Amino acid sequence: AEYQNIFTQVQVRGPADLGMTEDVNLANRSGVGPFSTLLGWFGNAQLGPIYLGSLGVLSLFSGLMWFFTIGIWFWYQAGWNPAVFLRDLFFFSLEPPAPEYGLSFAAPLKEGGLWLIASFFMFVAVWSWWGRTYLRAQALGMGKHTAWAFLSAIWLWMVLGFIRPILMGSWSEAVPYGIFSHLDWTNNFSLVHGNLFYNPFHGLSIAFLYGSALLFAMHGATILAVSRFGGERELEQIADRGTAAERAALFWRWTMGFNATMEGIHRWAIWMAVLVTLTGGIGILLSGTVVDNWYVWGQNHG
């Protein structure tokens, strides 16, 4: 049996790594957490420390509030019967205001006002969280890629629950909170609009989602394949190419006639993934605001 580097053979542990300092505010960093021998087989074993400043607490609070708001309604829908709670757990649904209330906030609590409160906490959670992925990178002197990539996923989430409902003039259009309900909402929207396979942006979005799986398989296979040459240390192979980089380049050259660099493969990456939700949110935003029936739109644009 040849070793394939999928799982660790010998874990070694040193003192806790408390991380680079640069301009990070250390007053706001927690202590190191526990050390999971479990994790260490696949990844790193050290949990913590976490940075938690003002902006993190705001986000970490709003999120719990959005989760709890949904959750209380879920207990209620279960008639406070813990057994029913578990049984119908995927069937509960916090639902948005009925269309007669339009975009207003007047709708009663138990008929949408609760969805609008839970959605507020979500808005504040996600967005202040975005501020976190920026300020953390700024704090270490690094770029804002992580932040711009997030902004792409935010864009779909923003179109589903905010921009399209407002453009469509009513909170009723927006997605409910609940396992099965959100699933049926999806398959519904597809039927209301003429089968989304006829939407060129759904088709595109899918392509990238497939392509993200293809690429990360490709990339992660390749870096494990050349890990016997220190391949996984991509930053220093960028500053100073190695045989790892060379043979990884030359695998895909001799297979498909072209290849990447150790830094280039990560721009392929960041964009294949980011275009998933980028095209994805355009396909939704156009749906019902501009195009009513993708099928019918495809009959006159194709």
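The first residue of the shown sequence is 1; numbering continues from there.
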Segment of higher mean CA temperature factor, 35-43 or 245-253: 35-43
Stretch exceeding the other in mean C-alpha B-factor - 153-161, 210-218: 153-161
Highest recorded Cα temperature factor - choice among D184, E232, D88, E95: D88
Largest Cα B-factor, entry values, listed residues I179, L204, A139, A106: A106
For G79, the third of its chain into which the C-alpha B factor falls: highest
Chain thirds of CA B-factor: placement of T261: middle
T69, C-alpha B-factor rank within chain (lowest, middle or highest third): highest
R132 - Cα temperature factor, lowest/middle/highest third of chain: middle
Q237 - Cα temperature factor, lowest/middle/highest third of chain: lowest
